[PDB]
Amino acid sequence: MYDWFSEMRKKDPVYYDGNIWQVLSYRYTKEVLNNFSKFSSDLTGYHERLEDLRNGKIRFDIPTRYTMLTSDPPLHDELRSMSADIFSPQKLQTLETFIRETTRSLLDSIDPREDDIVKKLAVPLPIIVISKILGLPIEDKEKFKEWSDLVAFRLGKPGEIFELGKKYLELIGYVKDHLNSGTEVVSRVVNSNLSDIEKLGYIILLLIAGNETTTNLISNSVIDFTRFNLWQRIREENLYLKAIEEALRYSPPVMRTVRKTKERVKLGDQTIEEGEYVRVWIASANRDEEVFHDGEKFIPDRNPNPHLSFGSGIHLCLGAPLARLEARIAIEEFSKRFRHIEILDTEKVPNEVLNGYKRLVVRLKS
């Protein structure tokens, strides 16, 4: 749909399809994201139940509807300030040895003759690192893996209620069971004026928000570097940092995000009435030719690279520095372990928002 995308960007970067409004241009998708005032993220009834939550009135509810993600300032900023430095430069500088050692061990388990790197490398790494960071017992990998499906970006589909409930019952219990044996990060949350529910949500957010996305970043990277035969250049020119930024732009783990107009607003040449949901196509903004010359091309050394794969504005991905650091250590250690990589088989996860692979079978020559 990147062609329809290029088409619409030219003719209708802010279009209405009957039900929802969609924004495909870079200038306008960025505008939406940065103007939280007109385009609110208060889409799960958090702002409406804050008081009753803090009142103790609301006692039970799906905890995931109350996290910084689905909230506007000040609430958002108050919640966010509690973990603002969790992925700070020095902190990441220090996890480096852990991340690299961890990726190297994961690589050590790969059978070059033929293996799936999604299963052996892409999935575990982020989970293992976030547990370390959050202080949540890693001996619960198989479960963290399952609950990672609950990430907000993913939307619903028929007959999933019983499955989701089950994952939800276990996930919550796990959190409840570990709320006090975690790092400063969670303690601060646990020891705040947040309701019991919001703390639950806050904790689940930090736990699962970057698993599937970071995994996808790693998978999509391996794919693009391979299909575009850039492994040699990347190693030679050391374009790891730049190439992962291009992978993010070209192959975004999250294709889009959503907002709701908190009022009647004119975006470009259109007037989006109050209360309208607005689809922000991150994938399309990333291809915007006005901003990204030769956007249809994968330029491994593209610089600069102002993509919106982590968003923009106040909700700009909290884990961005971490996702970047993890994918880059994974891509480097992977690239130094094989002479040549051959994609033998793939399986793509089915979702219009989440974009990556369920399976990535390859053959490596050490």
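Note that residue numbering follows the sequence shown and begins at 1.
Once the C-alpha B-factors are averaged per stretch, 247 to 255 and 224 to 232 rank with 224 to 232 first. Judged by mean Cα B factor in the deposited record, 52 to 60 ranks above the other of 323 to 331 and 52 to 60. As recorded in the entry, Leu169 carries the highest CA temperature factor of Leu169, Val278, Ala283, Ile130. In the deposited coordinates, the residue among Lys199, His76, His293, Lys157 with the greatest CA B-factor is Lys157. For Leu206, the recorded CA B-factor ranks within the lowest third of the chain. Only modelled residues enter the ranking. The PDB entry assigns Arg339 a C-alpha temperature factor belonging to the highest third of its chain's modelled residues.
In the PDB entry, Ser309 places in the lowest third of its chain by CA B-factor. Ranked by Cα temperature factor within the chain, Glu101 sits in the highest third according to the deposited record. The entry lists a Cα temperature factor for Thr213 that places it in the lowest third of the chain's modelled residues.
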